[PDB]
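A short worksheet on the structure shown next.
Please treat every number below as a calculation from the coordinates, not as lab data. Here Cβ is always computed from backbone atoms with ideal geometry, including for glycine, and neighbour counts include all displayed protein chains.
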Amino acid sequence: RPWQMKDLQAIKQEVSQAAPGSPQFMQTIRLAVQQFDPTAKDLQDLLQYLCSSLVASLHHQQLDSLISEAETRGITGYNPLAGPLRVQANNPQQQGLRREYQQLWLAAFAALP
């Protein structure tokens, strides 16, 4: 049950005025992420739709650092012999990795301003 075009259009329109990482944007994006239960691929699509290449790159770097610390510590469900967290989160049998990816994503995007 992935999102459709209308959901993305509403998500972008409702937060057109606000700035990335504002409390309003964080509210709406967090609700979307917690409601649709998407993988990393869909999150990348959503970010490309919402913010430009500059904000995309900044979030990419911040999320790289956050994932770096998180999975360098060691995580309950992460096994580094199978692939990067971006790929484990895309397997529907690793929901723990998917939820960790979602939370790192939202925190990284909130850490912009």
* To do: Could you look through region 59-84, keep only residues that are of a type in the set (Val, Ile, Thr) and not in a loop (DSSP other than H, G, I, E, B), and pick out the one that is nearest to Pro2 (Cα to Cα)?
  => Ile67
* Evaluate region 57-77: report whether one residue or more is surrounded by fewer than 16 Cβ atoms within 10 Å (Cβ to Cβ) and within 11 Å of the chain's Cα centre (by Cα). => yes
* Tabulated pairs, region 57-79, first in contact (Cβ under 8 Å) with a residue 40 or more places away in the chain, second in a loop (DSSP other than H, G, I, E, B) and of a type in the set (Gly, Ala, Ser), C-beta under 6 angstrom, 6+ apart or interchain -> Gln62/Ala111
* **Leading residue by the ranking (surrounded by the fewest Cβ atoms within 10 Å (Cβ to Cβ)) among those in region 1-30 that are out of contact with any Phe, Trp or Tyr (no Cβ under 9 Å at 6 or more places or on another chain) and under 18 Å from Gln103 (Cα atoms)** => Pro23
* Asked: Just for region 85-103: of the residues that are under 15 Å from the mean Cα position of the chain (by Cα) and assigned to a loop (DSSP other than H, G, I, E, B), which one is farthest from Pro2 (Cα to Cα)?
  -> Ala89
* Structure fact -> Filtering region 31-50 down to residues that are farther than 18 Å from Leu97 by Cβ and surrounded by fewer than 17 Cβ atoms within 10 Å (Cβ to Cβ) yields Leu31, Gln35, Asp45, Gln48, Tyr49
* Pairs under 6 Å by beta carbon, first residue under 24 Å from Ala111 (Cα atoms) and touching a residue at least 24 places away in the same chain (Cβ under 8 Å) in region 1-24, partner of a type outside the set (A, V, I, L, M) and in a loop (DSSP other than H, G, I, E, B), six or more apart or different chains? -> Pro20/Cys51; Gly21/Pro113
* To do: Go through the residues of region 92-108 one by one and say whether even a single one is polar (S, T, N, Q) and more than 29 Å from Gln9 (Cβ to Cβ).
  => yes
* Within region 67-113, which residues are aliphatic (A, V, I, L, M) and under 15 Å from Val33 (Cβ atoms)? -> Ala89, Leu97, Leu104, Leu106, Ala107, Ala108, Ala110
